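Bear in mind these aren't lab numbers, they're just calculated from the coordinates by the rules spelled out. Ideal geometry is used to build each Cβ from the backbone, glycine not excepted, and the neighbour counts take in all protein chains shown.
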Amino acid sequence: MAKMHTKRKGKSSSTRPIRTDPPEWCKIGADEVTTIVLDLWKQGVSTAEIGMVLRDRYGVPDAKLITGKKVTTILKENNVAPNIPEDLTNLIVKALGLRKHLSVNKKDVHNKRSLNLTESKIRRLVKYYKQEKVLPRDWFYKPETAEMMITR
Amino acid sequence: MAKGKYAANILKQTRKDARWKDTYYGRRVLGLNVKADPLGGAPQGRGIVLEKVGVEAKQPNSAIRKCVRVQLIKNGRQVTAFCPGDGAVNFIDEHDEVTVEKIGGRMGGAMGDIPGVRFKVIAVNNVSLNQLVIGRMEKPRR
Amino acid sequence: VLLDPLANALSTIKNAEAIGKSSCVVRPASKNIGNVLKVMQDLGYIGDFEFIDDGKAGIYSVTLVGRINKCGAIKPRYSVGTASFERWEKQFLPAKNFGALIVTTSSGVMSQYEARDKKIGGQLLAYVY
RNA sequence: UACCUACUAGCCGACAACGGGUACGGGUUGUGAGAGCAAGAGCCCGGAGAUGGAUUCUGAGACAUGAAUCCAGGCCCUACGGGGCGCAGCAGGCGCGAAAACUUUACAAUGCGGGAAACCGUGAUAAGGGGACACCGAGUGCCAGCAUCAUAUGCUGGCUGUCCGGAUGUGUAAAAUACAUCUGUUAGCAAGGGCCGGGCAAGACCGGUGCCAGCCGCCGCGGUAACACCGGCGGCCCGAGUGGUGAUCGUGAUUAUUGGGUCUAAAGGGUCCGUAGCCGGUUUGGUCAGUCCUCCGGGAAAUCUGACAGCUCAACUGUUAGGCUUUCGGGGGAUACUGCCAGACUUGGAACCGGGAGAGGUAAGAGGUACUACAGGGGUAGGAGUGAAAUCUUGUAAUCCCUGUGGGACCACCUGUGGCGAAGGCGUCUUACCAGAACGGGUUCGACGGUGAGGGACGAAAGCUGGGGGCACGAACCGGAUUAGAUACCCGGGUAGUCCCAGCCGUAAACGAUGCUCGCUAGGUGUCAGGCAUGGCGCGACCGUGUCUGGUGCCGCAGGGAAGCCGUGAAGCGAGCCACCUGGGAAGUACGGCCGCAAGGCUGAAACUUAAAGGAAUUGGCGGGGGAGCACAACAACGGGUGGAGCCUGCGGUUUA
RNA sequence: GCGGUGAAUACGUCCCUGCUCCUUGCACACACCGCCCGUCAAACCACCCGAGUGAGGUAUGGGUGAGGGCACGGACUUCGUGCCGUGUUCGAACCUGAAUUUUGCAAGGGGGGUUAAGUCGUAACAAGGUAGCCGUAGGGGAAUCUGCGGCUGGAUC
RNA sequence: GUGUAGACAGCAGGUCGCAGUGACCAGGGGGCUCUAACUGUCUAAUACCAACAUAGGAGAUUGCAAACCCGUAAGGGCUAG
RNA sequence: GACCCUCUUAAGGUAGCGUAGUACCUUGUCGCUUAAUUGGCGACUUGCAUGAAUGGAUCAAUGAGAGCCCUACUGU
Ligand SMILES: [Mg+2]
Ligand SMILES: [Mg+2]
Ligand SMILES: [Mg+2]
Ligand SMILES: [Mg+2]
Ligand SMILES: [Mg+2]
Ligand SMILES: [Mg+2]
Ligand SMILES: [Mg+2]
Ligand SMILES: [Mg+2]
């Protein structure tokens with residue numbers, strides 16, 4: 001389909017094969033992969049590339065197939081998850097950096113529109129998460145005060 | 001024009017606005033026809049003849065169309081009335097009582113090569129001007 | 001965004017019939033899609049259909065035996081009773097006892113002839129002929 | 001809260017409050033195949049009103065149509081001290097207007113109040129009179145034989161009384177009609193109305209009139225042969241009816257949910273972000289609210305449909321089987337469907353990483369060449385411009401050439417039927433900041449999505465406000481030509497402006513005249529980014545062919561359109577949302593409103609006018625389009641003459657019987 | 001019609017002027033002697049503004065305020081649905097400022113339309129003779145003209 | 001009732017007069033034009049104006065040993081610019 | 001009276017305003033105001049002798065400024 005605010009459709013999907021089982025050619029275990037995930041999380045590595053580094057240097061095809069849990073499921077099980085989802089945090093971080101840039105380049109109207117599109121995505125994520133109880137009902141996305149990196 | 005199941009309100013609203021673009025429904029609801037025409041929905045009328053004019057016809061055709069100038073008594077509206085038939089101005093003169101009716105032409109408006117005239121005589125002194133034109137009635141001396 | 005899979009499947013069947021292709025694939029399969037395909041198969045208008053799962057919603061490899069003329073969804077899915085089928089039949093269908101309307105009912109999904117036999121109505125689903 | 005008190009600060013509304021417009025509501029009526037659309041005068045249900053208005057007595061009940069009181073308003077009887085009345089009760093009158101009846105009859109019946117009853121009153125009701133109310137039923141003729149011009153009066157023959165008139169009784173309260181027998185009639189008393197060129201059924205028959213009289217819904221007729229107009233002749237359709245003007249329904253899929261269009265005909269919003277609304281993935285589990293089958297309370301009759309029964313057929317009344325009344329309240333069954341509940345699922349979108357692509361954006365700087373300013377050196381009669389000229393410029397040494405120093409704008413070739421961007425738009429180079437994309441991805445997420453009236457930002461150029469800058473260009477302006485004129489094209493100057501800095505306006509042929517999202521549908525064919533195979537490559541940085549994905553163009557089958565055409569990058573086939581159009585002018589105008597400093601933008605009629613405007617395509621003519629060709633009624637090259645002078649003849653005009 | 005005598009020119013091209021054919025353009029079909037825009041004046045019609053000038057409706061505060069209803073007090077009679085007074089209550093009518101809305105009249109101004117056999121030009125239609133249209137700004141009796149960006153819905157190159 | 005308080009604000013009933021800001025005190029109001037924008041200044045002793053000034057707009061000179069001006073000169077005003 | 005030319009010793013007054021605080025003719029002509037108005041306002045304007053920083057038009061607010069009108073008031 002088209003993108004969120006640009007209508008340029010694309011099909012660069014990551015083709016994951018039909019695997020209903022863990023690997024049969026790998027000796028890795030669930031304890032090994034969960035220990036690797038916890039250690040990489042404590043290093044300071046976000047969940048998007050935790051699985052990537054599992055699949056590249058350890059050749060782990062999928063954490064859900066072996067452990068039975070995704071990365072965020074393991075994070076919630078071990079109390080090693082953030083209080084805010086990573087996508088919302090990334091959008092808010094980019095919006096804060098873009099606002100910091102736009103407070104000195106007031107002619108940069110194109111990036112003002114880019115900031116508006118990212119704000120629309122941020123409000124979409126907040127609406128979905130408050131729909132699904134991930135975030136509090138009264139915590140609205142304030143773009144000036146309640147948008148910090150770790151929100152409390 | 002929403003085709004969803006629970007979208008009757010949108011279709012009703014868009015039909016409501018699009019209806020006004022028709023001339024007939026909007027002019028009927030707004031009451032322009034009652035407000036405009038001298039008879040006010042009366043099929044015929046009754047006015048005092050004041051002046052007689054043989055108004056000219058259209059550009060391709062060439063003729064003189066006998067058109068009395070009559071002022072209504074029901075409303076005091078001054079208009080022009082076309083008197084049809086051979087010897088049309090012979091049976092009508094100044095200061096008469098003549099029934100008048102619409103000419104019944106294009107869109108209820110002026111008919112044929114008569115410019116600016118929408119009303120026609122149908123009877124002089126409450127007797128049929130058609131029969132006077134034919135020759136089965138005689139003009140009263142009143 | 002994909003928001004009418006039954007109508008998409010019937011439009012694909014319409015396209016495949018119009019080109020005269022014997023076989024065609026059905027984009028993501030659904031249970032109501034399978035019920036419509038089974039009732040259409042019992043009507044004889046459609047030959048064969050198999051759910052080939054793909055780690056997704058699933059698709060169909062439908063063998064069109066060349067028996068239909070056009071088939072799309074019924075939008076909106078109108079509520080219909082046992083005494084309310086003939087007006088929809090006169091609207092969508094071309095002739096009496098010619099083509100059937102796919103109906104969804106609490107008993108089951110089926111053409112409106114068998115629904116009238118059941119004496120139970122519901123929502124119109126589609127039409128095929 | 002109906003009023004009062006203490007208190008609280010609510011209540012209704014952008015899903016339309018408040019206000020304006022309009023209206024007795026419904027049962028129903030009009031119409032159409034139906035969906036619908038339009039009106040709800042009369043018969044029944046409820047509501048209100050009694051000249052407008054307020055107030056009050058009486059009563060079980062009233063603020064009473066035949067009660068009052070006063071005010072306003074009009075009128076009225078008076079002996080002038082005073083006293084009444086309001087027909088939206090029945091007939092009637094004036095007024096009003098296009099717009100409608102008798103100041104009849106009776107309580108006989110049906111009802112009501114009164115009476116214990118017998119009964120009385122009843123403009124309620126019934127009964128009539130009058131009104132081309134609506135519907136229905138009939139007749140003005142029938143008729144054998146015979147004749148022309150095929151249906152008209154003929155000639156003749158009789159025959160019937162439905163109508164009209166009478167008799168008589170039934171009959172109703174009594175009438176009248178109706179009803180029965182009889183009988184009155186030479187079947188005579190009883191047909192009109194429109195229209196005749198087309199649309200549209202009917203006359204190319206004869207005089208009239210001459211763009212006049214007239215016709216004409218529209219088209220169109222007549223300035224000399226009118227099937228058109230007037231009389232006639234004839235003919236046509238309808239039928240005691242037949243037309244006219246509105247209205248309104250249908251026509252018309254011309255309001256379109258069913259069921260329309262929106263590239264070029266009216267119409268896609270400049271783009272885009274986005275709320276209410278609306279539309280939404282597969283999937284396990286639970287419910288059953290819409291929904292579904294069923295039940296029970298309703299949905300007055302009337303009108304509707306059919307039949308039966310009875311009015312002679314008929315409409316009509318009763319019974320009855322259906323219809324409407326609808327689209328309410330409440331129970332049981334089902335769980336497909338949608339909405340509710342709790343998860344999950346990976347494809348849809350979201351997030352991150354990789355090597356690449358890009359005139360993507362702001363900020364800064366440097367640079368390229370040309371131009372220009374002044375100065376210097378050389379040189380000496382024109383330079384500039386034009387179709388041709390002149391203004392202009394130059395002897396104060398211009399033009400041209402050389403040197404040098406400043407200036408502001410502008411970024412060529414490279415450059416592409418290339419690229420990036422939401423669009424507007426973006427081309428010197430370097431750097432910093434930011435953003436998106438596609439591509440690769442057993443990466444994170446789990447439907448988080450589409451559209452989107454309102455509303456918000458971006459928005460070419462021109463213009464406006466304030467500060468700069470001003471080389472060039474260049475509205476205005478001035479001058480020189482052109483021409484009949486030139487307030488224009490041409491040329492010489494050249495202001496505002498173009499540029500920058502800080503804001504405003506918010507419109508373009510903002511175009512692909514094609515809104516955006518998804519699935520689906522023959523192919524051949526460039527090129528661009530990425531990825532991927534392979535052959536060469538100094539078998540390396542690199543370049544070729546093939547292939548998947550996403551763009552960027554041409555070609556075109558099926559498909560569709562009225563066609564030009566579109567055609568996996570739809571104008572094809574479905575899904576969803578929005579914007580938009582409804583004969584041509586008047587008109588994007590007037591009034592009101594909001595917006596802006598302003599110019600203006602936004603919203604947006606009516607009177608009136610008009611029969612077409614309009615779109616594609618085509619056959620010709622035509623051009624100061626193109627291409628081709630030809631000839632002394634073309635040209636070139638030539639020879640002569642007409643034109644000059646006199647005469648001759650022809651045409652015009654003066655004269656002229 | 002005939003005869004005497006007797007010459008230059010052109011071994012041509014389609015530039016000029018007619019004309020023929022294919023293609024392109026076209027708002028032209030009486031076919032370019034075509035169609036056709038705006039101002040100006042004249043007649044008429046409908047309209048808008050107009051300093052002004054009336055009339056009517058709705059609602060609102062306020063005013064003066066008939067009359068009636070209960071309360072209380074005071075007297076006359078057959079001891080009061082009466083009388084006087086007082087207070088309270090409802091309250092018509094009329095007057096008045098603003099608000100709102102509907103319409104009549106108005107010196108004069110405006111643009112629209114429509115009729116002459118009007119006048120002036122020639123703007124668009126072909127490359128309409130300077131391609132045109134669109135937005136914007138300025139100029140001019142008037143079409144329109146020029147500048148700026150844009151488009152091609154423009155021929156020939 | 002508010003306030004700590006001074007005091008302020010408000011309510012119910014009764015009652016007198018021709019009259020309740022009872023005296024004193026204390027704007028009459030509105031509409032259409034001309035002119036100047038406004039506050040201000042002005043002929044002390046006949047002119048309080050539409051005149052003068054004003055902010056706003058525009059122009060000119062001058063790079064400071066300046067422009068402009070005073071003095072015969074010494075030297076000065078503008079300029080501790 | 002929308003054109004060829006003038007009168008052109010530089011130029012022939014554009015936007016506006018116009019009987020004006022400017023207008024002789026003059027108490028200009030028409031409408032509202034009044035019974036009646038050399039007046040006030042609006043319009044027309046052939047301007048003796050208007051006009052753009054000799055600044056033009058226009059202006060909310062202000063004014064012991066200058067005219068006219070309505071209501072209220074009063075020995076004017
Ligand atoms: Mg610009
Ligand atoms: Mg667009
Ligand atoms: Mg008027
Ligand atoms: Mg010009
Ligand atoms: Mg553009
Ligand atoms: Mg002053
Ligand atoms: Mg002064
Ligand atoms: Mg006076």
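From the list B:66, B:3, which residue is over 15 Å from residue B:101 (Cα atoms), more than 16 Å from RNA strand E (Cβ to nearest atom) and part of a strand (DSSP E or B)? Can you show your working first?
Details: B:3 fails: part of a strand (DSSP E or B).
Answer to the check: B:66.
Hey, residue A:50 hits all of (1) closer than 20 Å to residue A:86 by Cβ; (2) away from chain C (no Cβ under 14 Å); (3) out of contact with any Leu (no Cβ under 7 Å at 6 or more places or on another chain); (4) assigned to a helix (DSSP H, G or I) but one; which does it fall short on?
For residue A:50, the exception is condition (3).
Spot the failing condition for residue C:73; the list is (1) closer than 23 Å to residue C:25 by Cβ; (2) away from every other protein chain (no Cβ under 14 Å); (3) surrounded by 18 or more Cβ atoms within 10 Å (Cβ to Cβ), and only one is missed.
Condition (2) is where residue C:73 drops out.
Name the residue, out of C:19, C:68, that is away from chain B (no Cβ under 14 Å), hydrophobic (A, V, I, L, M, F, W, C) and touching a helix residue (DSSP H, G or I) at 6+ places or on another chain (Cβ under 7 Å). First the steps, then the outcome.
Values: C:19 fails: touching a helix residue (DSSP H, G or I) at 6+ places or on another chain (Cβ under 7 Å).
So the residue among C:19, C:68 that is away from chain B (no Cβ under 14 Å), hydrophobic (A, V, I, L, M, F, W, C) and touching a helix residue (DSSP H, G or I) at 6+ places or on another chain (Cβ under 7 Å) is C:68.
Residue B:92: farther than 30 Å from residue B:1 by Cβ and part of a loop (DSSP other than H, G, I, E, B), yes or no?
Details: farther than 30 Å from residue B:1 by Cβ: yes; part of a loop (DSSP other than H, G, I, E, B): yes.
So residue B:92 fits the description; yes.
Just give me the residues in the range A:118-152 being of a type in the set (A, V, I, L, M) and either closer than 14 Å to residue A:90 by Cβ or free of Cβ contacts under 8 Å to residues at least 24 places away in the same chain (or both), in sequence order. Give the steps one after another, and end with the answer.
Step one: of the range A:118-152, the residues of a type in the set (A, V, I, L, M) are A:122, A:125-126, A:134-135, A:146, A:148-150.
The answer is A:122, A:125, A:126, A:146, A:148, A:149, A:150.
Going residue by residue through the range B:11-18, is there one that turns out to be closer than 21 Å to residue B:125 by Cα and either charged (D, E, K, R) or under 16 Å from the mean Cα position of the chain (by Cα) (or both)? Let's see the steps before the verdict.
Going residue by residue through the range B:11-18, those that are closer than 21 Å to residue B:125 by Cα are none.
Taking every residue of the range B:11-18 in turn, none turns out to be closer than 21 Å to residue B:125 by Cα and either charged (D, E, K, R) or under 16 Å from the mean Cα position of the chain (by Cα) (or both).
What residue, of C:113, C:78, is over 13 Å from the mean Cα position of the chain (by Cα) and within 14 Å of chain B (Cβ to nearest Cβ)? Walk me through how you get there before you give the answer.
On the way: C:113 fails: within 14 Å of chain B (Cβ to nearest Cβ).
The unique qualifying residue is C:78.
Is it fair to say residue B:28 is within 6 Å of RNA strand D (Cβ to nearest atom), over 30 Å from residue C:79 (Cα atoms) and out of contact with any strand residue (DSSP E or B) (no Cβ under 6 Å at 6 or more places or on another chain)? Lay out the reasoning, then the answer.
On the way: within 6 Å of RNA strand D (Cβ to nearest atom): yes; over 30 Å from residue C:79 (Cα atoms): yes; out of contact with any strand residue (DSSP E or B) (no Cβ under 6 Å at 6 or more places or on another chain): yes.
In short, yes.
Going by the conditions given, is residue B:80 of a type in the set (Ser, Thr, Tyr), within 7 Å of RNA strand D (Cβ to nearest atom) and either closer than 21 Å to residue B:41 by Cα or surrounded by 16 or more Cβ atoms within 10 Å (Cβ to Cβ) (or both)?
Here the answer is no, as residue B:80 does not meet what is asked.
Provide a single number: the residues in the range B:6-34 that are within 30 Å of residue C:3 (Cα to Cα) and either among the acidic types (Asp, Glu) or within 16 Å of RNA strand E (Cβ to nearest atom) (or both). Give the derivation first.
Step one: filter the range B:6-34 for residues within 30 Å of residue C:3 (Cα to Cα), giving B:6-18.
From what is left, the residues that are either among the acidic types (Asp, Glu) or within 16 Å of RNA strand E (Cβ to nearest atom) (or both) are B:17.
The qualifying residues number 1.
Determine which single condition residue B:56 fails, assuming it passes every other condition in (1) more than 6 Å from RNA strand D (Cβ to nearest atom); (2) within 18 Å of residue B:46 (Cβ to Cβ).
Condition (2) is where residue B:56 drops out.
Residues are listed down the side, and each one gets a yes or a no for (1) in contact (Cβ under 8 Å) with a residue 12 or more places away in the chain; (2) more than 19 Å from residue C:127 (Cβ to Cβ); (3) not polar (S, T, N, Q):
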position: C:14; (1), (2), (3): yes, no, yes
position: C:20; (1), (2), (3): yes, yes, yes
position: C:23; (1), (2), (3): yes, yes, no
position: C:28; (1), (2), (3): yes, yes, yes
position: C:31; (1), (2), (3): no, yes, yes
position: C:35; (1), (2), (3): yes, no, no
position: C:41; (1), (2), (3): no, no, no
position: C:49; (1), (2), (3): yes, no, yes
position: C:56; (1), (2), (3): yes, yes, yes
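Would the range C:42-55 turn up any residue that is surrounded by 14 or more Cβ atoms within 10 Å (Cβ to Cβ), under 15 Å from the mean Cα position of the chain (by Cα) and within 17 Å of residue C:105 (Cβ to Cβ)?
yes
Looking at A:54, A:88 in this structure, which one is within 30 Å of residue A:21 (Cβ to Cβ), of a type in the set (A, V, I, L, M) and out of contact with any strand residue (DSSP E or B) (no Cβ under 7 Å at 6 or more places or on another chain)? Show your work before the answer.
On the way: A:88 fails: within 30 Å of residue A:21 (Cβ to Cβ).
Just a single option satisfies the conditions, and that option is A:54.
Residue A:66 - would you say it is more than 16 Å from RNA strand E (Cβ to nearest atom), part of a helix (DSSP H, G or I), in contact with a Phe, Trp or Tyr (Cβ under 9 Å, 6 or more places away or on another chain) and away from every other protein chain (no Cβ under 14 Å)? Step through it out loud before you land on a result.
On the way: more than 16 Å from RNA strand E (Cβ to nearest atom): yes; part of a helix (DSSP H, G or I): yes; in contact with a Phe, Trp or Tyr (Cβ under 9 Å, 6 or more places away or on another chain): no; away from every other protein chain (no Cβ under 14 Å): yes.
So residue A:66 does not fit the description; no.
A quick yes/no check of all residues on (1) among the acidic types (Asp, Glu); (2) within 14 Å of another protein chain (Cβ to nearest Cβ); (3) in contact (Cβ under 8 Å) with a residue 12 or more places away in the chain; (4) outside any loop (DSSP other than H, G, I, E, B):
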position	(1), (2), (3), (4)
B:13	no, no, no, yes
B:38	no, no, yes, no
B:53	no, no, yes, yes
B:61	no, no, yes, no
B:75	no, no, yes, no
B:80	no, no, yes, yes
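So, in the range B:95-111, of the ones that are surrounded by fewer than 13 Cβ atoms within 10 Å (Cβ to Cβ) and assigned to a loop (DSSP other than H, G, I, E, B), which residue ends up nearest to RNA strand D (Cβ to nearest atom)?
So in the range B:95-111, the residues surrounded by fewer than 13 Cβ atoms within 10 Å (Cβ to Cβ) come out as B:95, B:104, B:106-109.
Checking which are assigned to a loop (DSSP other than H, G, I, E, B) leaves us with B:95, B:104, B:109.
Working: B:95: 16, B:104: 3, B:109: 5 Å.
Once the filter is applied, the top-ranked residue is B:104.
Inspect the range A:15-30 for any residue being part of a helix (DSSP H, G or I), touching a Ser or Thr at 6+ places or on another chain (Cβ under 9 Å), over 30 Å from residue A:120 (Cβ atoms) and more than 16 Å from RNA strand E (Cβ to nearest atom) and give the result as yes or no.
In the first step, residues of the range A:15-30 are kept if they are part of a helix (DSSP H, G or I); the result is A:30.
Pick out the ones that are also touching a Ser or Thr at 6+ places or on another chain (Cβ under 9 Å) and you get A:30.
Those left that are additionally over 30 Å from residue A:120 (Cβ atoms): A:30.
After this cut, where a residue has to be more than 16 Å from RNA strand E (Cβ to nearest atom) as well, the list is A:30.
Checking the range A:15-30: at least one residue is part of a helix (DSSP H, G or I), touching a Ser or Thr at 6+ places or on another chain (Cβ under 9 Å), over 30 Å from residue A:120 (Cβ atoms) and more than 16 Å from RNA strand E (Cβ to nearest atom).
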